[PDB]
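Close look at the chain arrangement
One letter stands for each residue in the lines below.
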Amino acid sequence: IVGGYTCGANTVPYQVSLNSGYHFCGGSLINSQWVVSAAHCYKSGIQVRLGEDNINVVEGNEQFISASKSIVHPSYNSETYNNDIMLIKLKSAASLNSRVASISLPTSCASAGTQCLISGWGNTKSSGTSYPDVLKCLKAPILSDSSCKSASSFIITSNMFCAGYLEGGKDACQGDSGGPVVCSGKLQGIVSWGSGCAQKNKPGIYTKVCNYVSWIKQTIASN
Ligand SMILES: N=C(N)NCCC[C@@H](NS(=O)(=O)Cc1ccccc1)C(=O)NCC(=O)NCc1ccc(C(=N)N)cc1
Ligand SMILES: [Ca+2]
Ligand SMILES: [Cl-]
């Protein structure tokens with residue numbers, strides 16, 4: 001997260017770190033057994049880490065749980081990042097508490113102008129490299145598709161939205177991938193893709209979770 005702020009320990013209790021020997025992606029806890037992340041975060045040997053603040057220190061509120069199944073969206077396109085979403089089932093149910101909590105799925109999509117909370121342990125610099133140990137947060141509004149398209153020249157599918165600031169300086173970044181965009185207590189976005197980080201006229205692009213609720217629900221029902 002570039003141009004954000006320190007969240008505060010366990011202030012984003014649905015925020016997950018995916019670990020494969022090191023933190024490599026975020027995720028969102030959607031019930032005691034399932035995590036939503038980005039399809040581009042798929043890899044073998046994922047351990048889900050709940051209750052994290054400092055990812056390099058055991059602070060006492062963590063739960064580390066292996067993935068038992070990973071389900072990449074059937075239509076994930078690794079060139080365009082269309083359908084950039086994945087479900088991860090936990091080997092064991094997380095113990096839910098004030099610091100490890102699920103986040104609700106949308107009942108309907110959010111609109112341009114709505115303010116959202118974006119979080120993760122990704123790069124904090126728009127130029128160069130700095131990875132935080134503690135969770136970072138950013139408030140950012142959803143942009144209209146038309147303003148985003150004209151500003152960036154990006155192709156934005158129906159399953160994507162732009163959020164952030166066209167002026168640059170505030171954005172998600174590498175390492176935030178797969179993490180939450182929460183708006184009015186609903187998981188509306190997943191950190192997906194972009195062009196650099198916090199650059200002018202290059203806002204963050206996010207998987208539009210509202211389009212996947214039926215898929216998530218039926219997948220969970222049958223797995
Ligand atoms: N030609 C097409 N259509 N390409 C789609 C993929 C574009 C790709 N862009 S990219 O390489 O600039 C992403 C990046 C890599 C290193 C450092 C900063 C940013 C990209 O974003 N790749 C996946 C990725 O790196 N995702 C992580 C990510 C998370 C947040 C942002 C952000 N600025 N909000 C950007 C990338
Ligand atoms: Ca920790
Ligand atoms: Cl529009």
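Listed as the method for this PDB entry is X-ray crystallography; the listed resolution is 1.45 Å.

**Digging into the packing of aromatic side chains**
The tally for this structure, following the rule as stated, stands at 3 aromatic pairs. With a centroid separation of 5.7 Å and an interplanar angle of 35 degrees, the aromatic rings of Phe161 and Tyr206 are classed as tilted. With a gap of 45 residues between them, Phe161 in strand β10 (residues 160-163) and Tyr206 in strand β13 (residues 204-208) connect regions that are remote in the sequence. Owing to a relative accessible area of 2%, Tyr206 belongs among the buried residues under this scheme. Sitting over the ring of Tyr165, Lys170 keeps its end group 4.4 Å from the ring centre.

**Some details on the pairing of strand β8 (residues 115-120)**
Pairing between β8 and strand β9 (residues 136-141): 6 bridges, direction antiparallel. Directly across from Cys116, in β9, lies its bridge partner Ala140.

**Brief notes about the sheet that holds strand β11 (residues 180-183)**
One open sheet accounts for 7 strands, arranged β1-β9-β8-β11-β12-β13-β10; its pairing is antiparallel. Looking at the sheet topology across the chains shown, the edges are occupied by β1 (5-6) and β10.

Cut-offs applied
Residues numbered from 1 in each chain as written, not as in the entry; some residues may be left out. Chains lettered and ligands numbered in written order. Heavy atoms only, no water. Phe/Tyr/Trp six-rings, centres within 6.5 Å; stacked < 30°, edge-to-face > 60°. Helix = DSSP H or I, 4+ residues; strand = E, 2+ residues; numbered from the N terminus. Buried < 20%, exposed > 50% of the residue type's maximum accessible area, 1.4 Å probe, protein only. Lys NZ or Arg CZ within 6 Å of the ring centre and 35° of its normal. Pairing = 2+ DSSP bridges.

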